[PDB]
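Positions of Cβ are backbone-derived with ideal geometry, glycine not excepted, and every protein chain shown enters the neighbour counts. Where a number appears in this text, it was derived from the coordinates with a stated rule and is not lab data.
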Amino acid sequence: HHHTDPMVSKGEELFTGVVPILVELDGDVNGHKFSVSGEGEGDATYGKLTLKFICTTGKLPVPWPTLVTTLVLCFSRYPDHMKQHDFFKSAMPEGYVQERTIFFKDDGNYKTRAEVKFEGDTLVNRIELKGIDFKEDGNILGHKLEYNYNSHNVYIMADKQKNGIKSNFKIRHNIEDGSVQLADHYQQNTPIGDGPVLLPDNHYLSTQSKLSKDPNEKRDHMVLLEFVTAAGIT
């Protein structure tokens, strides 16, 4: 609402209230083609997301928790003293590309590319996902993961050469038998536009996610509440 840096003001202004979100994913995992649509709202003031996702092609062929990181970090809450480090909002409204490779230990990998940008007043995240080399009897295609999600801190670093950011981090998915399925993420983000962006000092994001079901919904779906806060600069 009041920042002495006009570049920060420009990005904050687009995220000042509740912003509607649309998520589209087209996926192919070991030749099972599927699509997911999601709708909800983001409130960057509190770092809060609320989304509901539907598999529009029938039953989702992989477990919903494996898609949480893939299915909008511009809604992170950056403390006032860290707002000059917020790459994600500084790239708006033209947006950014978010690319990942996700390696599931002892199993296959996801390769994702997403464009995150405004269409009018709506923040859209449009994703293509390709998954290969998964085991039919593994934890992913065998749906052995529990329907829950662990809190996680992720380290963000600038990539000055690409005018973007980079991160590598591990997600632990609980398996029904009490064990864990590791998912190693590599991520890079680059701006879509050619204007300047804020390139951050090293810092981390703290995330927490809660998964639930809509008791009146017959389609395969996931309801997601996420909180993300930046930290690590004193």
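Taking segment 87-110 as the search range and keeping residues that are charged (D, E, K, R) and out of contact with any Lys or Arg (no Cβ under 7 Å at 6 or more places or on another chain), which one is nearest to residue 11 (Cα to Cα)? Ranking the candidates gives 89 first. Checking 153, 148 one by one, the residue that is closer than 23 Å to residue 135 by Cβ, surrounded by fewer than 17 Cβ atoms within 10 Å (Cβ to Cβ) and polar (S, T, N, Q) is 148 and no other. Scanning segment 146-202 for residues that are within 18 Å of residue 73 (Cα to Cα), outside any strand (DSSP E or B) and acidic (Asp, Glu) gives a single hit, 201.
Quick one: is residue 209 on the phi < 0 side of the Ramachandran plot, of a type in the set (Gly, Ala, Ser) and surrounded by 14 or more Cβ atoms within 10 Å (Cβ to Cβ)?
Yes, satisfied.
The requirement of being of a type in the set (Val, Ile, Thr) and over 30 Å from residue 174 (Cβ atoms) is fulfilled somewhere in segment 18-37, by at least one residue. If the condition is being farther than 17 Å from residue 100 by Cα and either under 14 Å from the mean Cα position of the chain (by Cα) or surrounded by fewer than 19 Cβ atoms within 10 Å (Cβ to Cβ) (or both), then segment 164-197 contributes 174, 175, 176, 177, 178, 179, 180, 193, 194, 195, 196.
When residue 139 is tested against the conditions (1) buried (at least 17 other Cβ atoms within 10 Å of the Cβ); (2) among the polar types (S, T, N, Q); (3) under 18 Å from the mean Cα position of the chain (by Cα); (4) assigned to a loop (DSSP other than H, G, I, E, B), the lone failure is (3).
Within segment 109-126, identify whether any single residue is in contact with a helix residue (DSSP H, G or I) (Cβ under 9 Å, 6 or more places away or on another chain), of a type in the set (D, E, K, R) and surrounded by 15 or more Cβ atoms within 10 Å (Cβ to Cβ), and answer yes or no. The answer is no, given that none of the residues of segment 109-126 is in contact with a helix residue (DSSP H, G or I) (Cβ under 9 Å, 6 or more places away or on another chain), of a type in the set (D, E, K, R) and surrounded by 15 or more Cβ atoms within 10 Å (Cβ to Cβ).
Looking across segment 13-38 at every residue that is over 30 Å from residue 80 (Cα atoms) and hydrophobic (A, V, I, L, M, F, W, C), the one that is surrounded by the most Cβ atoms within 10 Å (Cβ to Cβ) is identified as 36. Among the residues of segment 50-70, those that are within 16 Å of residue 150 (Cα to Cα) and under 14 Å from the mean Cα position of the chain (by Cα) comprise 64, 65, 66, 67, 68, 69, 70. Residues that are under 29 Å from residue 59 (Cβ atoms) and of a type outside the set (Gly, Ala, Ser) within segment 142-168 comprise 143, 144, 145, 146, 147, 148, 149, 150, 152, listed in sequence order.
Being in contact with a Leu (Cβ under 9 Å, 6 or more places away or on another chain), among the β-branched types (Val, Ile, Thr), part of a helix (DSSP H, G or I) and surrounded by 15 or more Cβ atoms within 10 Å (Cβ to Cβ) is the requirement here; does residue 66 meet it? Taking the combined requirement at face value, the residue satisfies it.
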